[PDB]
Amino acid sequence: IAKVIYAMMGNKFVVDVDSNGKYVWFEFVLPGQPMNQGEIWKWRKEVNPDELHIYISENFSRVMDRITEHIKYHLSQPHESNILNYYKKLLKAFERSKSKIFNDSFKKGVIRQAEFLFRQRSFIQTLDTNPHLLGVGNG
Amino acid sequence: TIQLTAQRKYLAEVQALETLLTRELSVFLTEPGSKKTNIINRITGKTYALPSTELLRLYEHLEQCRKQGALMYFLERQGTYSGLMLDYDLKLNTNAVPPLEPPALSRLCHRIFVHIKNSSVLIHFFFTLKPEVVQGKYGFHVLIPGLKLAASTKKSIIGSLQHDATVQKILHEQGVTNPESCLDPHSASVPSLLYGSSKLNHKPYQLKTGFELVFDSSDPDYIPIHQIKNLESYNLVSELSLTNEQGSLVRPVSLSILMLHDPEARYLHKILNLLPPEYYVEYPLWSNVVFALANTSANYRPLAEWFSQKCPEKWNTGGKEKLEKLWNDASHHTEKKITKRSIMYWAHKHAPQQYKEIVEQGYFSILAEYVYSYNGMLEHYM
Amino acid sequence: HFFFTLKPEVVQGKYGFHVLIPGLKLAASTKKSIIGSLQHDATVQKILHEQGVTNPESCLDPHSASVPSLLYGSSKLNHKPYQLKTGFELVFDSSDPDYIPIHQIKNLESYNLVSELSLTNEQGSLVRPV
């Protein structure tokens, strides 16, 4: 799941390790989303990614359903017995495994695993190094 | 609602139809109001311009799903060339089934044949009917997709049949108390439905009989009504399609879009219908609810507009322009944050004990969606 | 009811055809009048020519109704019995017979064709004594 998710938001989350050793997340505020006053077009710190979990549960289901209907289509076409049986076992296992994306412990494990992929070395110490950039209320 | 999800779940042909619509028919996009569309589904208001191959494939798949017993809502709009679509609504005094007979149907065939020969000429008759047991009794639809003469001649024929009393004489022989107004003036001027498509809270039409009457250009006096049914062999959806010239058996002789976007908008519309319109009449509380809904996103502007048409004397010269003025003010407003909570509170106040079943049905359907989708495998976050 | 029966063919001068209509009871000189009317009828001759018949006339003998007939399956001497070809049901109305449902009959085998086709049989099930 983590590789696909990294393919999902490669431009919206960054994981970095502070001096104290606890991983922290940063996300890019986009217009038209829940937010505080005047942090548009800026990176904000975060501890427990909310939108990440919501995306795990909501948007990923569409790709899961795409896989399911692709399996439907391949099963529909006429073929030999062995291939049909193989597809039947594949579908039977996959539908059982598909419901796991809603489990809390599974989501926590997925986040913990994915925090390694999202890491970008040397990101905290390069914040605000440029003196010519200032963050204002509207950009 | 629930039945649609169930059929989508335990029927593979519904999955095939959905995949076909999403993949193959998506590229055949058509504008919502353009005349180029030939197939329209009112469930999602989809419009398509399928060529002959896509049309026949859809006809066959609709045939399979109908033979399985699904629920269809497809429609087709007649072009400049089409067969004969007739919307015969029987309004009987008594809701008792009339035993129509093949001889009477053939007599009706001869009557309409006489009615239509008074024009340019050079055929299969299909008689389908409602399942009866309903107020005002059932309805009938004769379908003649053989020819192609969709023009003002169709309007002339409809006008000629409008005043016909021999057909009314047959109806009175069958004990019908609606000899007139039974045939709508827009009989061929409305988008009909493909065979097997049902109606909202109404069972789909089922075929009654099929007849064959070959046109005789040399001897129009000869009217040989003779047919062999064998109706299971033919693809009924494809054969009965008006635009399908290449059928086997037959021969070629605003707010609605918003509620489609959001079921929560449907919910809001219901709860808005719940409370009395007195609060709408006065400017203060109506402006309060306008601000409350404006806080909930910006695409709900038509929805308030829908609530605006009530009391048009207040809407026009007033409400119409002051509504948009208030919306422009709320576009920058951050001082007040009245939300939908106040609306549910008001609904609970004014009409108690009646919105509770509405919300119960709402989240009952919400969870039923999940339980159908995931085969009862309950888990967190659901 | 209209029943068309014909020879098993494969014989000189093609086969012979007998339409049998036992519904009514009007055995009189009116039958001779109808025979005469069909004798000079040209539409039936044109239909036969469409079927490639070189003998439009003399096929309908003037003494058709003045001779005894044969029941279904009654062959001629050193010949073969007739076999049914088609059966079409066409009701009639005294007020206005303009409407004509000649719609084809289904499953004729369920009836005793010998009894139904008999002229003297009024109590037939499929047929009626008009």
# chains A, B, ... in the order shown; residues from 1 in each chain; ligands from 1
call {"tool": "residues_around", "arguments": {"residues": "range 125-137 of chain A", "least_positions_apart": "2", "cutoff": "7 Å", "atoms": "only C-alpha atoms", "output": "mmCIF file with N, CA and C atoms, in the first residue's frame"}}
result
data_model
loop_
_atom_site.group_PDB
_atom_site.id
_atom_site.type_symbol
_atom_site.label_atom_id
_atom_site.label_comp_id
_atom_site.auth_asym_id
_atom_site.auth_seq_id
_atom_site.Cartn_x
_atom_site.Cartn_y
_atom_site.Cartn_z
ATOM 1 N N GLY A 38 -4.722 32.310 6.947
ATOM 2 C CA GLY A 38 -3.582 32.812 6.203
ATOM 3 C C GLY A 38 -2.311 31.985 6.182
ATOM 4 N N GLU A 39 -2.409 30.681 5.917
ATOM 5 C CA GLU A 39 -1.224 29.865 5.675
ATOM 6 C C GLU A 39 -1.261 29.236 4.284
ATOM 7 N N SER A 122 17.841 15.969 4.936
ATOM 8 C CA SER A 122 18.260 17.370 4.975
ATOM 9 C C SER A 122 17.131 18.298 4.522
ATOM 10 N N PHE A 123 16.041 18.279 5.283
ATOM 11 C CA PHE A 123 14.897 19.140 5.011
ATOM 12 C C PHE A 123 14.584 20.104 6.144
ATOM 13 N N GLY A 139 0.341 34.372 0.827
ATOM 14 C CA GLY A 139 1.357 33.826 -0.051
ATOM 15 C C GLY A 139 2.779 34.003 0.442
#
call {"tool": "residues_around", "arguments": {"residues": "range 101-117 of chain A", "least_positions_apart": "6", "cutoff": "7 Å", "atoms": "only C-alpha atoms", "output": "short mmCIF file (atom, residue, chain, number, x, y, z; two decimals) with C-alpha atoms, in the first residue's frame"}}
result
data_model
loop_
_atom_site.label_atom_id
_atom_site.label_comp_id
_atom_site.auth_asym_id
_atom_site.auth_seq_id
_atom_site.Cartn_x
_atom_site.Cartn_y
_atom_site.Cartn_z
CA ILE A 1 0.00 0.00 0.00
CA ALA A 2 2.86 2.35 0.88
CA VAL A 15 8.69 13.22 6.65
CA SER A 57 -9.69 4.90 3.34
CA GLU B 379 -14.42 -3.00 10.44
CA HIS B 380 -13.28 0.29 11.93
CA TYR B 381 -14.01 3.62 10.20
#
call {"tool": "interface_residues", "arguments": {"of": "chain B", "to": "chain A", "cutoff": "12 Å", "atoms": "only C-alpha atoms", "output": "list in words"}}
result
residues 8, 9, 11, 12, 13, 14, 15, 16, 17, 18, 19, 20, 22, 23, 297, 298, 334, 370, 371, 373, 374, 375, 376, 377, 378, 379, 380, 381 and 382 of chain B
call {"tool": "write_last_selection", "arguments": {"atoms": "N, CA, C and O atoms", "output": "compact mmCIF listing (two decimals), in the first residue's frame"}}
result
# COMPACT_ATOMS: atom_id res chain seq x y z
N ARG B 8 -26.55 -4.57 -8.35
CA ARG B 8 -25.15 -4.37 -8.71
C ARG B 8 -24.25 -5.39 -8.03
O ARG B 8 -23.21 -5.77 -8.59
N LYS B 9 -24.62 -5.84 -6.83
CA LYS B 9 -23.77 -6.77 -6.10
C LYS B 9 -23.90 -8.20 -6.62
O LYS B 9 -22.92 -8.79 -7.08
N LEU B 11 -25.40 -9.55 -9.21
CA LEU B 11 -25.59 -9.80 -10.63
C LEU B 11 -24.34 -9.37 -11.40
O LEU B 11 -23.91 -8.22 -11.29
N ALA B 12 -23.77 -10.30 -12.16
CA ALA B 12 -22.58 -10.01 -12.94
C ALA B 12 -22.88 -9.14 -14.16
O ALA B 12 -22.03 -8.34 -14.57
N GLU B 13 -24.06 -9.30 -14.76
CA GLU B 13 -24.41 -8.50 -15.93
C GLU B 13 -24.50 -7.02 -15.60
O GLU B 13 -24.19 -6.18 -16.45
N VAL B 14 -24.92 -6.68 -14.38
CA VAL B 14 -24.92 -5.28 -13.97
C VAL B 14 -23.50 -4.74 -13.90
O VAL B 14 -23.22 -3.60 -14.31
N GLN B 15 -22.57 -5.55 -13.39
CA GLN B 15 -21.16 -5.16 -13.39
C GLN B 15 -20.65 -4.96 -14.81
O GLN B 15 -19.91 -4.01 -15.09
N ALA B 16 -21.03 -5.86 -15.72
CA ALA B 16 -20.62 -5.72 -17.12
C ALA B 16 -21.18 -4.44 -17.72
O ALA B 16 -20.48 -3.74 -18.46
N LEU B 17 -22.45 -4.12 -17.42
CA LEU B 17 -23.05 -2.89 -17.93
C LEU B 17 -22.31 -1.67 -17.40
O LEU B 17 -22.04 -0.72 -18.15
N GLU B 18 -21.99 -1.66 -16.10
CA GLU B 18 -21.30 -0.51 -15.53
C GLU B 18 -19.91 -0.35 -16.13
O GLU B 18 -19.48 0.77 -16.44
N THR B 19 -19.18 -1.46 -16.31
CA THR B 19 -17.87 -1.39 -16.94
C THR B 19 -17.97 -0.90 -18.38
O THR B 19 -17.15 -0.10 -18.83
N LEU B 20 -18.98 -1.37 -19.11
CA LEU B 20 -19.18 -0.94 -20.49
C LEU B 20 -19.47 0.56 -20.56
O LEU B 20 -18.94 1.27 -21.42
N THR B 22 -18.59 2.84 -18.28
CA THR B 22 -17.46 3.62 -17.81
C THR B 22 -16.32 3.63 -18.82
O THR B 22 -15.63 4.65 -18.97
N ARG B 23 -16.08 2.51 -19.50
CA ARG B 23 -14.93 2.38 -20.39
C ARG B 23 -15.27 2.67 -21.84
O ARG B 23 -14.70 3.59 -22.44
N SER B 297 -20.40 25.80 1.88
CA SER B 297 -19.90 25.83 0.51
C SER B 297 -20.54 26.93 -0.32
O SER B 297 -21.37 27.70 0.18
N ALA B 298 -20.17 27.02 -1.60
CA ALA B 298 -20.67 28.05 -2.49
C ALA B 298 -21.48 27.52 -3.66
O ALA B 298 -22.09 28.32 -4.38
N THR B 334 -17.00 36.58 7.43
CA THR B 334 -16.41 35.68 8.41
C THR B 334 -16.85 36.01 9.83
O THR B 334 -16.39 35.37 10.78
N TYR B 370 -22.39 0.14 2.71
CA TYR B 370 -21.16 -0.51 3.14
C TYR B 370 -21.35 -2.01 3.30
O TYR B 370 -20.51 -2.81 2.86
N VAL B 371 -22.45 -2.42 3.93
CA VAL B 371 -22.61 -3.84 4.24
C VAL B 371 -22.81 -4.64 2.96
O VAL B 371 -22.33 -5.77 2.84
N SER B 373 -21.48 -3.65 0.08
CA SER B 373 -20.21 -3.56 -0.64
C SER B 373 -19.20 -4.59 -0.14
O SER B 373 -18.51 -5.23 -0.94
N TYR B 374 -19.10 -4.76 1.18
CA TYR B 374 -18.02 -5.54 1.77
C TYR B 374 -18.50 -6.84 2.41
O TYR B 374 -17.80 -7.41 3.25
N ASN B 375 -19.68 -7.34 2.01
CA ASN B 375 -20.16 -8.66 2.41
C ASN B 375 -20.20 -8.83 3.93
O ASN B 375 -19.85 -9.88 4.46
N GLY B 376 -20.62 -7.78 4.63
CA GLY B 376 -20.81 -7.87 6.06
C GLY B 376 -19.55 -7.89 6.89
O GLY B 376 -19.63 -8.10 8.10
N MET B 377 -18.39 -7.69 6.28
CA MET B 377 -17.12 -7.66 7.01
C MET B 377 -16.98 -6.28 7.66
O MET B 377 -16.29 -5.39 7.17
N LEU B 378 -17.66 -6.13 8.79
CA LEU B 378 -17.59 -4.89 9.55
C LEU B 378 -16.17 -4.65 10.06
O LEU B 378 -15.46 -5.58 10.43
N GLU B 379 -15.78 -3.38 10.07
CA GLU B 379 -14.42 -3.00 10.44
C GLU B 379 -14.46 -1.54 10.88
O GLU B 379 -15.46 -0.85 10.70
N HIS B 380 -13.36 -1.09 11.47
CA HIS B 380 -13.28 0.29 11.93
C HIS B 380 -13.45 1.25 10.76
O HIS B 380 -13.29 0.89 9.59
N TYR B 381 -13.83 2.49 11.10
CA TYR B 381 -14.01 3.62 10.20
C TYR B 381 -15.28 3.51 9.35
O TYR B 381 -15.75 4.52 8.79
N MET B 382 -15.90 2.34 9.33
CA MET B 382 -17.24 2.24 8.75
C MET B 382 -18.31 2.50 9.80
O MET B 382 -19.33 3.12 9.50
call {"tool": "residues_around", "arguments": {"residues": "residue 139 in chain B", "least_positions_apart": "3", "cutoff": "6 Å", "atoms": "only C-alpha atoms", "output": "list in words"}}
result
residues 88, 89, 90, 129 and 130 of chain B
call {"tool": "interface_residues", "arguments": {"of": "chain B", "to": "chain C", "cutoff": "10 Å", "atoms": "only C-alpha atoms", "output": "number ranges by chain"}}
result
B: 102-111, 211-213, 221-229
call {"tool": "atom_distance", "arguments": {"atom1": "CA of residue 340 in chain B", "atom2": "CA of residue 293 in chain B"}}
result
7.0 Å
call {"tool": "residues_around", "arguments": {"residues": "range 42-47 of chain C", "least_positions_apart": "3", "cutoff": "7 Å", "atoms": "only C-alpha atoms", "output": "PyMOL selection string"}}
result
chain C and resi 50-51+56
call {"tool": "write_last_selection", "arguments": {"atoms": "N, CA, C and O atoms", "output": "short mmCIF file (atom, residue, chain, number, x, y, z; two decimals), in the first residue's frame"}}
result
data_model
loop_
_atom_site.label_atom_id
_atom_site.label_comp_id
_atom_site.auth_asym_id
_atom_site.auth_seq_id
_atom_site.Cartn_x
_atom_site.Cartn_y
_atom_site.Cartn_z
N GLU C 50 -47.26 -16.63 -60.23
CA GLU C 50 -46.16 -16.31 -59.33
C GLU C 50 -45.53 -17.56 -58.75
O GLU C 50 -44.31 -17.57 -58.51
N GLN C 51 -46.31 -18.61 -58.52
CA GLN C 51 -45.79 -19.91 -58.11
C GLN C 51 -45.36 -20.76 -59.29
O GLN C 51 -45.12 -21.96 -59.12
N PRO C 56 -53.15 -22.18 -65.19
CA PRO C 56 -53.95 -21.35 -64.27
C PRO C 56 -55.38 -21.84 -64.10
O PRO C 56 -55.94 -21.71 -63.01
#
call {"tool": "select_by_dssp", "arguments": {"residues": "range 26-106 of chain C", "states": "strand (DSSP E)", "output": "ChimeraX atom specification"}}
result
/C:83-88
call {"tool": "residues_around", "arguments": {"residues": "residue 130 in chain C", "least_positions_apart": "2", "cutoff": "6 Å", "atoms": "only C-alpha atoms", "output": "list in words"}}
result
residues 23, 24 and 128 of chain C
call {"tool": "write_last_selection", "arguments": {"atoms": "N, CA, C and O atoms", "output": "short mmCIF file (atom, residue, chain, number, x, y, z; two decimals), in the first residue's frame"}}
result
data_model
loop_
_atom_site.label_atom_id
_atom_site.label_comp_id
_atom_site.auth_asym_id
_atom_site.auth_seq_id
_atom_site.Cartn_x
_atom_site.Cartn_y
_atom_site.Cartn_z
N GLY C 23 -65.96 -25.41 -41.44
CA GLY C 23 -66.61 -24.60 -40.42
C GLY C 23 -68.08 -24.36 -40.69
O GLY C 23 -68.91 -24.46 -39.79
N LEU C 24 -68.43 -24.04 -41.94
CA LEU C 24 -69.79 -23.64 -42.27
C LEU C 24 -70.60 -24.85 -42.74
O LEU C 24 -70.09 -25.96 -42.88
N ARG C 128 -65.68 -25.33 -35.43
CA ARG C 128 -67.03 -25.04 -34.98
C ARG C 128 -68.00 -25.15 -36.15
O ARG C 128 -67.62 -24.89 -37.30
#
call {"tool": "residues_around", "arguments": {"residues": "range 188-205 of chain B", "least_positions_apart": "4", "cutoff": "7 Å", "atoms": "only C-alpha atoms", "output": "JSON, numbers by chain"}}
result
{"B": [66, 71, 72, 73, 74, 75, 76, 77, 78, 85, 86, 128, 129, 130, 131, 237, 241]}
call {"tool": "residues_around", "arguments": {"residues": "residue 79 in chain B", "least_positions_apart": "6", "cutoff": "10 Å", "atoms": "only C-alpha atoms", "output": "list in words"}}
result
residues 35, 36, 37, 38, 148, 149, 150, 151, 189, 191, 242 and 243 of chain B
call {"tool": "write_last_selection", "arguments": {"atoms": "N, CA, C and O atoms", "output": "CSV table (one decimal), in the first residue's frame"}}
result
chain,number,residue,atom,x,y,z
B,35,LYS,N,-29.1,18.0,-29.2
B,35,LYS,CA,-30.0,17.1,-29.9
B,35,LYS,C,-29.3,15.8,-30.4
B,35,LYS,O,-29.9,14.9,-30.8
B,36,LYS,N,-27.9,15.8,-30.4
B,36,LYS,CA,-27.2,14.7,-31.0
B,36,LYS,C,-27.3,13.4,-30.2
B,36,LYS,O,-27.0,12.4,-30.8
B,37,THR,N,-27.7,13.5,-29.0
B,37,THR,CA,-27.9,12.3,-28.2
B,37,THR,C,-29.0,11.5,-28.6
B,37,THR,O,-30.1,12.0,-29.1
B,38,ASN,N,-28.9,10.2,-28.5
B,38,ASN,CA,-29.9,9.2,-28.8
B,38,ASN,C,-30.3,8.3,-27.7
B,38,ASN,O,-31.5,7.9,-27.6
B,148,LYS,N,-39.8,4.8,-41.3
B,148,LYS,CA,-39.1,6.0,-40.9
B,148,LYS,C,-39.7,7.2,-41.6
B,148,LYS,O,-39.4,7.6,-42.7
B,149,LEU,N,-40.6,7.9,-40.9
B,149,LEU,CA,-41.3,9.1,-41.4
B,149,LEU,C,-41.6,10.1,-40.3
B,149,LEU,O,-42.6,10.6,-40.1
B,150,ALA,N,-40.5,10.3,-39.5
B,150,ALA,CA,-40.6,11.2,-38.3
B,150,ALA,C,-40.6,12.7,-38.8
B,150,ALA,O,-39.5,13.2,-39.1
B,151,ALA,N,-41.8,13.3,-38.9
B,151,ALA,CA,-41.9,14.7,-39.4
B,151,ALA,C,-43.3,15.2,-38.9
B,151,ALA,O,-43.9,14.6,-38.1
B,189,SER,N,-43.8,12.9,-29.7
B,189,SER,CA,-43.0,14.1,-29.4
B,189,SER,C,-42.3,14.0,-28.1
B,189,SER,O,-41.8,15.1,-27.6
B,191,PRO,N,-39.4,11.6,-25.5
B,191,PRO,CA,-38.4,10.5,-25.5
B,191,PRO,C,-39.0,9.3,-24.8
B,191,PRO,O,-39.2,9.4,-23.6
B,242,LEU,N,-36.1,1.9,-32.1
B,242,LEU,CA,-36.5,2.8,-33.2
B,242,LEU,C,-35.3,3.0,-34.2
B,242,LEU,O,-35.4,2.9,-35.4
B,243,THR,N,-34.2,3.4,-33.6
B,243,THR,CA,-33.0,3.8,-34.4
B,243,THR,C,-32.3,2.6,-35.0
B,243,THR,O,-31.4,2.7,-35.8
call {"tool": "decode", "arguments": {"residues": "range 122-136 of chain B", "atoms": "C-alpha atoms", "output": "PDB file, in the first residue's frame"}}
result
ATOM      1  CA  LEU B 122     -44.403   1.918 -49.639  1.00  0.00           C
ATOM      2  CA  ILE B 123     -44.744  -4.771 -40.719  1.00  0.00           C
ATOM      3  CA  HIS B 124     -44.558  -6.001 -37.125  1.00  0.00           C
ATOM      4  CA  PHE B 125     -46.981  -4.791 -34.452  1.00  0.00           C
ATOM      5  CA  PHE B 126     -45.867  -5.067 -30.821  1.00  0.00           C
ATOM      6  CA  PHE B 127     -48.437  -4.677 -28.033  1.00  0.00           C
ATOM      7  CA  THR B 128     -47.068  -4.157 -24.509  1.00  0.00           C
ATOM      8  CA  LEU B 129     -49.068  -3.198 -21.430  1.00  0.00           C
ATOM      9  CA  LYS B 130     -48.771  -2.251 -17.775  1.00  0.00           C
ATOM     10  CA  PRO B 131     -49.039  -4.978 -15.098  1.00  0.00           C
ATOM     11  CA  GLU B 132     -52.367  -3.422 -14.015  1.00  0.00           C
ATOM     12  CA  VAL B 133     -53.525  -3.224 -10.379  1.00  0.00           C
ATOM     13  CA  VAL B 134     -53.096   0.550 -10.076  1.00  0.00           C
ATOM     14  CA  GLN B 135     -55.218   3.685  -9.794  1.00  0.00           C
ATOM     15  CA  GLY B 136     -56.776   4.733 -13.081  1.00  0.00           C
TER      16      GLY B 136
END
